[PDB]
Amino acid sequence: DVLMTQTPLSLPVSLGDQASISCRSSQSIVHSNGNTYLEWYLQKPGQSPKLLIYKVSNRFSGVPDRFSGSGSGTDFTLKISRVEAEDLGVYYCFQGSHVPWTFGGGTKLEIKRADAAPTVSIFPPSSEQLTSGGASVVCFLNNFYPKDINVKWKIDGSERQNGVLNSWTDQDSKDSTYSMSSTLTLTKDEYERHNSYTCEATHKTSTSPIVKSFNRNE
Amino acid sequence: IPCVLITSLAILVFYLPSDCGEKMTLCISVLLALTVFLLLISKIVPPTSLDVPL
Amino acid sequence: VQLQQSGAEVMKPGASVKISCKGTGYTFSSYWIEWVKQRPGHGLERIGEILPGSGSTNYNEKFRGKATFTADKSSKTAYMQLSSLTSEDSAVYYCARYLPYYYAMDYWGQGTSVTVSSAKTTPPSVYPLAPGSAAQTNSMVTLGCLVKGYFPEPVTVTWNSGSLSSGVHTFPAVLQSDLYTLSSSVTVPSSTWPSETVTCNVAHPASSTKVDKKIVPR
Amino acid sequence: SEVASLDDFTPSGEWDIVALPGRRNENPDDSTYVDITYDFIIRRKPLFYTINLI
Ligand SMILES: *[C@@H]1O[C@H](CO)[C@@H](O[C@@H]2O[C@H](CO)[C@@H](O[C@@H]3O[C@H](CO)[C@@H](O)[C@H](O[C@H]4O[C@H](CO)[C@@H](O)[C@H](O)[C@@H]4O)[C@@H]3O)[C@H](O)[C@H]2NC(C)=O)[C@H](O)[C@H]1NC(C)=O
């Protein structure tokens, strides 16, 4: 199968900036009739993909004029002149030339702006966790930019890795920032034996990991 | 029956001494006959995509 | 034109699935139906295509044997059959209309979500969160809630009749061992929070659940 | 319709249907000319000739 490669895997660019997505193919995808069949799609979150361009020289109906394509037998590029918030999503290549037809690798698009430091917080378990028979140690990391974020779960000076959850959100709209939360489930026999709890958070804005710790023994 | 007869000669080449100077004749003639029979059978009963005659 | 897919499905590993795409408003028999897989992580993968007018079918290398397409001429619908199922097949499947070498993929289905696991339709287990006993209470404080052992998706986490529409950071669900877990965060005035009542309403329509557990200051 | 119908089509077995688009053409220099042309894009099933020739 023909393999299609897209770069960059991410392209943060502020509004009003030209955005260019490159596309490369394992083989030439020019067809005998004189045309080359390459299509560009845009899939916004929570929606099905939307066609943008086909036969790159051409362009689909209903899309704005800021889009345009070009390329030769193996190298193709999509261009967005003046970006907005409605152009956010994942862009895919699609070659319709050689059977089987294959999709590109995708390329998430973001908007770059003044990075903001995280607003850390650590939430120990509630009494309901004690009653049930568990300990849900909840750590939050909100409003941090860029994606460069990491968490270390150190308890009583011991770095523990297994059983660590990691979940983040897509780029926001009002503030254009991500959010991440790593919750640590603990059992009663395991939760109470420790006396200290900490959730280190390292970010570019603050090179020193921000510390939010509490002691069980009180 | 002719197909089986021709196939049965495929092995004889290895019992034929190298001094007689006839190994090439035998093996090439067998290959020729097999190709001809394949083409004739295909003219009669075409092998399409779904199934090929055994 | 409209392409209609079947509803979501939940089944155990090792079973077989038969999702369908029904098209109306155009000549159904004369268009290739393209089946596209999208693992929740990332990436669009094309399983294959079928031409309802005839029996023609093509499968990608990664899916030969795994999937099988079928179509009904009388009823404008086409079916995809999935072989022995596994956790990796958990994804959302799309159906699209395609005519090779001409106008392409201008209409898609809504999308069918197929999830694979051994879990049962367990009800949600919601828990509250409170600030740590020994912590610095700033003029602004965060609030969150946890839900565990809820299956299948989705569970709607909302506040008291949209009490906090802004500042909410809902996070995607994850699997701990076999069940799903969820987390949420919000920002509220520290002074105002004791004054009024705000609670995270948790709903599990797939299990007919609607609960509310108030969070009170420690 | 923009394509030919396949509602009552019986598959061929040696040729595969790919696309059957139709188009209405006019000559800007004549003004009395009009036609409808259908492109039949057909793909050969190569097993027979593969086996017999290649
Ligand atoms: C099967 O054979 C038929 C008959 O030969 C063939 O039909 C021809 O297809 C070509 C390619 O689509 C047509 O030429 C195009 O016509 C459109 C309509 O006006 C023009 O817009 C095109 O020019 C634009 O696009 C080109 C490609 O992007 C650019 O290079 C150009 O600068 C313009 O931007 C182009 O001229 C041609 O009109 C038809 N002819 C007929 C009689 O229909 C068909 O393509 C073949 N199909 C296959 C799959 O082989």
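By convention in this document, chain letters (A, B, ...) are assigned in the order of the sequence lines, proteins followed by strands, and residues within each chain are numbered from 1. Note: hydrogens, waters and symmetry copies are ignored here, and every other heavy atom, side chains too, is used.
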Do [X] and [Y] have side-chain N/O donor and acceptor atoms under 3.5 Å apart?
X	Y	answer
A/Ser25	A/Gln27	no
A/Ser81	A/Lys79	yes
A/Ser181	A/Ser167	yes
A/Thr177	A/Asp172	no
C/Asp89	C/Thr86	yes

Would you please classify the geometry between the [Y] ring and the [X] ring as parallel, tilted or perpendicular, with 30° and 60° separating the classes?
X	Y	value
A/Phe94	A/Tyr41	perpendicular
D/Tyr38	D/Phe40	perpendicular
C/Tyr150	C/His204	perpendicular

Suppose we call two aromatic rings close when their centres sit under 6.0 Å apart. Are [X] and [Y] close by that rule?
X	Y	answer
C/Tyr98	A/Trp101	yes
A/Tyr145	A/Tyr178	yes
A/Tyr37	C/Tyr101	yes

Quick one: are [X] and [Y] in side-chain contact, heavy atoms under 4.5 Å?
X	Y	answer
C/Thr24	C/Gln4	no
C/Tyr26	D/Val3	no
C/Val147	C/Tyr180	no
A/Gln43	C/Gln38	yes

Pairs under 3.5 angstrom only: tabulate donor-acceptor contacts from the side chains of residues 44-54 of chain B to other protein residues two or more places apart or in another chain.
none

- Item | A/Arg59/A/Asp65 under salt bridge (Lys or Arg N to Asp or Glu O under 4.0 Å): CA gap, chis, key distance, verdict | CA-CA 9 Å; A/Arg59 159 164 75 247; A/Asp65 210 334; 2.7 Å; yes
- Tell me, please, whether C/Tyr31 has C/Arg97 positioned over its six-membered ring: NZ or CZ under 6.0 Å from the ring centre and within 45 degrees of its axis? yes
